[PDB]
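Student: After the structure tokens below, expect a handful of questions from me.
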């Protein structure tokens, strides 16, 4: 009852879907997506990575008749993240890791998604650049 | 020389692109993308959020002739993340925040993007569910 590890449900490749029985109830897979190598004449390997996960949580009560009176609520969420780029990606990733977490952390603390809008004081900061 | 804050270049709406002069020199445009309501008969507000980023860092020094001579390299990265879902999203996000960080943190520590492939020991864990 501490960690919430997920397990696959029939799959064997670079695109395997994972899910839990009663942990998160989520289900999805994550694979790499190499493409869009714009601006890259000089020899430079191309790296990328895509990960998507869905979260579903329907009402507890059972089903019934949906005609006169029926109330069967359900939750539906989806998260998609993709990152691609030349070899330099391995470097931008480390910086983007703490940057994508801070930029989104400050946007939720200053802005409000409940209205699909943000404030003019969107002061976002990045991890770093060098020492 | 501590924080790397970003600023807009020219915009005024829910979709504005920010960047820095020398800090990161990368363009980032955030915008709310509401869609795909899916199973959601019961009254439940719809929330979402999409964020796009574009990293660019070309080799130093000026340009020259690109025919019988050698050209300078250039780095190019891109990060796209989007999340949508009913009101439950507000709660799911909190959990997905630490989950998307650990799931991706363990995938990079166990797997290798350099080969666009991962290992069979992809033991990913989620934040939590309840107490």
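Protein chains in written order, with this note's numbering: chain L, 808 to 938; chain Y, 808 to 938.
Using N, Cα and C, we set each Cβ at its ideal position, and we do this for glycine too.
Taking only beta carbons into account, state which residues of the segment 808–836 of chain Y come closer than 7 Å to chain L, listed in chain order.
Tutor: 810, 811, 812, 813, 821, 825, 830, 831
Student: Going by beta-carbon coordinates alone, are residue 892 of chain Y and residue 857 of chain L separated by less than 8 Å?
Tutor: no
Student: Looking at chain Y, is there any beta carbon in it that lies within less than 8 Å of the beta carbon of residue 845 of chain L?
Tutor: yes
Student: Take residue 850 of chain L as the anchor and find which of Y/846, Y/878, Y/841 has the nearest alpha-carbon.
Tutor: Y/878
Student: Name, going along the chain, the residues of the segment 876–898 of chain L whose beta-carbon falls closer than 9 Å to a beta-carbon of chain Y.
Tutor: 877, 878, 879, 880, 881, 882, 883, 884, 885, 886, 887, 888, 889, 890, 891, 892, 893, 894, 895, 896, 897, 898
Student: Give me the Cα-Cα distance between residue 924 of chain L and residue 876 of chain Y, rounded to the nearest whole angstrom.
Tutor: 50 Å
Student: What does residue 854 of chain L pair with, by DSSP beta-bridge criteria?
Tutor: Residue pairing of residue 854 of chain L in beta bridges, as defined by DSSP: L/892.
Student: For my contact list, residue 895 of chain L and residue 830 of chain Y are in at a C-beta cut-off of 8 Å; report their separation, rounded to the angstrom.
Tutor: Under the criterion of beta carbons closer than 8 Å, residue 895 of chain L and residue 830 of chain Y do not qualify as touching, at roughly 17 Å.
Student: Out of Y/820, Y/931, Y/919, Y/862, state which residue places its alpha-carbon closest to the alpha-carbon of residue 906 of chain L.
Tutor: Of the candidates Y/820, Y/931, Y/919, Y/862, Y/862 places its Cα closest to the Cα of residue 906 of chain L.
Student: Using DSSP bridges, identify the partner residues of residue 825 of chain L.
Tutor: L/815, L/835
Student: Our contact map puts residue 835 of chain Y next to residue 860 of chain Y with C-beta atoms below 8 Å; I'd like the distance itself, whole angstroms only.
Tutor: 5 Å
Student: Got a sec: is the Cβ-Cβ distance from residue 859 of chain Y to anything in chain L below 8 Å?
Tutor: Taking Cβ atoms only, chain L never reaches closer than 8 Å to residue 859 of chain Y, which makes this a no.
Student: Have a look at residue 890 of chain Y and residue 870 of chain Y and give me their C-alpha separation to the nearest angstrom.
Tutor: About 41 Å.
Student: Comparing the C-beta of residue 934 of chain Y with each C-beta of chain L, is any distance below 8 Å?
Tutor: yes
Student: Determine, using beta carbons only, whether residue 921 of chain L comes closer than 8 Å to chain Y.
Tutor: yes
Student: Closest to residue 844 of chain L by CA distance: which of Y/845, Y/853, Y/881 is it?
Tutor: Y/881
Student: DSSP on residue 910 of chain Y, reduced to helix/strand/coil?
Tutor: helix
Student: Might you give, ordered along the chain, the residues of its own chain that have their beta carbon closer than 8 Å to the beta carbon of residue 888 of chain L, omitting 5 neighbours on each side?
Tutor: 857, 858, 859
Student: Beta carbon of residue 932 of chain L, beta carbon of residue 811 of chain Y: below 8 Å?
Tutor: yes
Student: How big is the Cα-Cα spacing for residue 825 of chain Y and residue 809 of chain L?
Tutor: 40 Å
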